[PDB]
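Peer 1: sequence-free structure coming up:
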């Protein structure tokens, strides 16, 4: 009983976080790095 957890986490959990992280990286953070 783990199959549901895979796709349940495959929602805004990673889908949105991975996205907004790319947003963050391209906003405040130099290139991809801290600086």
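Peer 2: Nice, thanks for sending it over. Numbers count the residues shown, from 1 in each chain.
Peer 1: so for this structure, the centremost residue is which one?
Peer 2: Geometric centre of the chain, nearest residue: residue 18, 1.5 Å, by CA atoms, centre = their mean.
Peer 1: how much space separates it from residue 1?
Peer 2: 25 Å (CB to CB, to the nearest Å). Bear in mind the C-beta positions are built from the backbone N, C-alpha and C, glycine included.
Peer 1: and the residue nearest to the centre of the chain, how close does it get to residue 31?
Peer 2: Residue 18 is 18 Å from residue 31, by CB to CB.
Peer 1: now swap in residue 20 and tell me
Peer 2: Taking CB to CB, one finds residue 20 at 18 Å from residue 31.
Peer 1: tell me which of these two has more neighbours.
Peer 2: residue 20 (12 against 8; other CB atoms under 10 Å).
Peer 1: and the helix or strand hosting the more buried one, how far from the chain's centre?
Peer 2: Taking DSSP states H and E as the definition, residue 20 sits inside helix 12-25. The gap between where helix 12-25 is centred and where its chain is centred comes out at 3 Å by CA atoms, centre = their mean, to the nearest Å.
Peer 1: identify the residues contacting it?
Peer 2: residue 32 (CB atoms under 8 Å, 6 or more residues apart in numbering).
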